[PDB]
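Before any comments, here is the structure.
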Amino acid sequence: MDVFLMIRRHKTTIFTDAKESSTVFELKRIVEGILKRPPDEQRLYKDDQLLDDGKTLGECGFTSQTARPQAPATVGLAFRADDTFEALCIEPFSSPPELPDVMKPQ
Amino acid sequence: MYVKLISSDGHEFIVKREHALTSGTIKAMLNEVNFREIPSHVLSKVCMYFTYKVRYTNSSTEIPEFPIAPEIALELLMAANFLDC
Amino acid sequence: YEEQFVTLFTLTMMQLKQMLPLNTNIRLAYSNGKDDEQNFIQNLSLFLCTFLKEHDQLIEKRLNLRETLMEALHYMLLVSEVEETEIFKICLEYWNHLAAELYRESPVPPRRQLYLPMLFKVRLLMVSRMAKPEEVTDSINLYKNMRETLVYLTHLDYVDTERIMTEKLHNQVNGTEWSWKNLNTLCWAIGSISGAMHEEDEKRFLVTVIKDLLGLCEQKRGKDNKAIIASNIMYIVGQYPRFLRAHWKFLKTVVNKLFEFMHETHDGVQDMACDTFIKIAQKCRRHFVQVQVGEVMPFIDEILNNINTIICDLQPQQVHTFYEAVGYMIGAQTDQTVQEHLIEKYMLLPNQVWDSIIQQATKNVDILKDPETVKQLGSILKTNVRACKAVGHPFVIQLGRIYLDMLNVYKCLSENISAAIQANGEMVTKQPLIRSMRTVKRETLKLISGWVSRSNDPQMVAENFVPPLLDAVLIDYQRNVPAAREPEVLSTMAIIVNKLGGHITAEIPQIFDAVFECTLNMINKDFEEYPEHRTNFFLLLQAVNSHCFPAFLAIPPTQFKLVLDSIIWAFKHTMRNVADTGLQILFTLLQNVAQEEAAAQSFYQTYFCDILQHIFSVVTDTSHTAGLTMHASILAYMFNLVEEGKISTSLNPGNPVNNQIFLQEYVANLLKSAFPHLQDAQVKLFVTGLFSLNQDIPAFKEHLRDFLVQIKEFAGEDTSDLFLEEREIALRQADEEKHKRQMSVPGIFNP
Amino acid sequence: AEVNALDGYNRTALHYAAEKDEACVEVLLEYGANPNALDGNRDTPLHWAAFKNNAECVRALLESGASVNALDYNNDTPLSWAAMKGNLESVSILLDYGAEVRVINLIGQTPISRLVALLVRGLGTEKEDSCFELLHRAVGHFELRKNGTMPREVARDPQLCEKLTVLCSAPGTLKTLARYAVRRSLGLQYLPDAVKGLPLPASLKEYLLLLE
Ligand SMILES: *[C@H](CC(=O)OC(C)C)n1cnc(-c2cccc(Cl)c2)n1
């Protein structure tokens, strides 16, 4: 079934969709289409855990009920620099402001 | 194919153009768009909304609820007003 | 003597105050008091009602009495609390009088302001305890009286009436006043209002009431409550066809709901359902055949598509009511071709069953000797009859399909009946199979009579339909044993003659030769031994006389003499209807015979002295004085005919003396032999009056009245019944004035 | 008087006042009639005021602390009774006190379902249409397909069936979903006074009140 993913690296974030039976390799191919970074110099992380391009997204633990459009699975992305991979870095989305008192829970 | 939206805190969200045209304001305004006034936590949710609105448009099945956290609700309302969604 | 009536009341009212204080519970006093107390209360109600009926004006004028009159009216409300049918009826009569008075005053005026500040109490009371309408005698009486009273009170103030009913309906939904009785009576009142309000206020009121009742139908659980509520709903909705025409989608919902109730099984719900469905289809018929706003096809076509399902559970008379309702709907389609296709689809199921049975019969007629086969034929023909009644003339398209087969079935069943009788004696009658075949025969004749009476092409009927009918029916009627003679044969022949005047004339001889003498000897003894055959026979005779008098001239003279003899017996008969129809037939024949004077002379010479003898016999007997003016009229006719010289002949039998000089002697003879105590001078005077007033029919009637009155005076007998024919008309006049009055007020007559 | 005393019908006097006029309701509430008082079915005075559409009585009750989401043995809220008659004034007042629209009674009917039912029966005036519009704005989104299919009564009215099925098959604008989440967060208080302090454009302040 479907999977909806957010691929994230530093400030960047790509929304995308894939079949559960698809593999991380064509996800990298999508990353190629957007950022033109050859597959070998990009690595992808599920949680603080890396993967293998060949494995099918299903065995990566992505699943339709896991990866709804309204709550995609986050995937970390990193590139080589000087032929060496950067450390995974991802800026948090700025935290929401204080909830107004009139809206505060009863 | 893809269109790039920039948040006020400088995050850069890439989305499918067919999804981005869900926004009327995007449709009028446009392969890059820069938002001076929307924070990343809101705009990311807005792009989730675009993906949801596409994937459940004219849905035969019952549409699942869109989860909004109360804290971001008040800023999502404005952002959806400005973006005319 | 106005002041006497005023003082009588004032002082008696004073005395009544010491008797019953205004705070006293009159209903309680009636419930606990000894019989003298109930009598006293009833006499009070009678006194107040009659007094005010005559003199309310008088106490209205004497303004110094105003509050004492008001006080009396308070007692009028308290006595109205009494439930005892007679006292309540008296109070209701007073309220009806008052409501009529104030509706006349203005349909505020100077007086109505007297009553209006508490007439709402009359309203509340009237609505609270409404008598049962025929939601399904004293019943009809009270119901009608109170319907008019409430319609008047509403037309006097619509707002307070709607307010009261909506409050009581809420207090039903509230449960505070929930009771099957209170719900029924309230919904009766709501239905009885029907049509008194303007269509927009009716629309608002019914929208509120329907929303409330549907809420109560959700809230209340238990099939019993659910069904009572359903019935009250069906009632209210049926009574408001205007609202249903204004709200097509609501009508469609109601109809689908009724087709749901037709599959219920709780008690009478299916009967109430069918009755409401037919009450709608009669009044909304056009809406079902129109393509309504936003419809793709007319609803009639949906109904005929669902018909096989809709009736899956109905009882036979319910099926007949359903088919009649659909007939009324199809009867609105004005396009002959579209209505043709509607009728074909409509009758498809009965036609299929009929075809099946006929096919079995042609395979072997022995299938007709089977209770199931004959009962299915009976029910099929009942449905066809009801369809023909509702659809009218265009139903010919169906009738011409089955006609010949139907008569063949009729023939075969007649053989069986004859065979059974000749096998086993006349008692076979009332045997259930025999009753079934006779029912099939009666239904065939009812169907033919219905269509022919509704048909409007005499030439087509005379060409294609009559000859097979007469072949099948007449010889059968002749040779059957009297119990095996259906009076519907006579009725059908009468209807055919009344329609196909002249075109049937060639058949009248064989009609009479088959039915006349056979049936007359069944009828001309006493009474009650064949009252149906008697009635239909005289209807046949009157019809044939009026439309086909020439057939009497063509008919052989012996049977025409028998006809005259039967007419003589008929008007001489004691019973009012037999006598009246005899007189009518006699006068019609006498009017006919003056035309086509060929062989009229033989007729006159043969019959006049005999007819004249019998008419003077019945006149002097005064048996049925209700005929006297008719007698006078016909008497005057002969005394015209003879005095005009139309006889043109020495009517004195075989003798030279001319007419009139003979007749005045003949009448002198019969009168003197009737009244030997009456002097020849009085005979001369009376007969001179007769031959003077012969054109002065009202004066002739008064002269005859006077001469009979003075005969009774000689005898010392009662004279007053001679005048019944006058006061009956006066009574009828008052009734028609009442009727004519009611048409001026919307909602007194049912929609 | 024992204003909270049940009579023999087991209804409070406030259940009568809520059915007649706001002056009685105010008198009883001022004298400390329990606005949550429960009759023999639990139905509060507020349910009856809503069902009678006594708009000013419904106000006078809510403004004195009646539980806007009070439940009877059916779990009908007062809005489930206002909506079954489609009566606009009381629905509007209840929604201004943050009455919940996503409620389901034990039979399984929401207020919108009851109003759609009333519309299918063709008794709906422009007032019922306005009420259905107001409820569709208040709810943000609703669903009526059961097993992909409209309730059998709705299928009898093709124009309404098409309207409702298209309304169902649209995921709803993000603007109205945000409006619903904000209203939900404001909770059981007088919304058109709680929203005034919010940091929003005044047009959005009015939009939150379903006036747009
Ligand atoms: C009552 C519910 C019911 O089914 O009663 C059972 C069968 C006894 N009810 C709800 N709605 C209606 C209704 C609506 C329009 C027209 C009619 Cl005739 C009835 N009845």
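Ordering of the structure tokens sets the chain letters (A, B, ...), residue numbers begin anew at 1 in every chain, and ligands are numbered from 1 in the order given.
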
Inset, instruction - Taking only C-alpha atoms and all ligand atoms into account, report as a ChimeraX atom specification which residues have an atom no farther than 9 Å from an atom of ligand 1. - result: /C:210,213-218,222-238,250-251,253-258,260-261,264,266,269,273,276 /D:121

Inset, instruction - Identify, with DSSP run on backbone atoms, the residues in range 153-189 of chain D assigned to alpha helix (DSSP H), and express the list as a list in words. - result: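 Answer for range 153-189 of chain D restricted to alpha helix (DSSP H) is residues 158, 159, 160, 161, 162, 163, 164, 165, 166, 167, 168, 169, 174, 175, 176, 177, 178, 179, 180, 181, 182, 183, 184, 185 and 186 of chain D.
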
Inset, instruction - Give as a list in words every residue of chain D that touches chain C within 7 Å, counting only C-alpha atoms. - result: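 So the contacting residues turn out to be residues 9, 85, 121, 122 and 123 of chain D.
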
Inset, instruction - Record the distance separating CA of residue 272 in chain C and CA of residue 318 in chain C, expressed in Å with one decimal. - result: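 Here the two named atoms are 9.8 Å from each other.
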
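The residues of chain B lying at most 8 Å from chain D, with only C-alpha atoms taken into account, are residues 49, 53, 56, 57, 58, 59, 60, 61, 62, 63, 66, 68, 69, 70, 73, 74, 76, 77, 78, 80, 81, 84 and 85 of chain B.
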
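CA of residue 601 in chain C lies 11.7 Å from CA of residue 645 in chain C.
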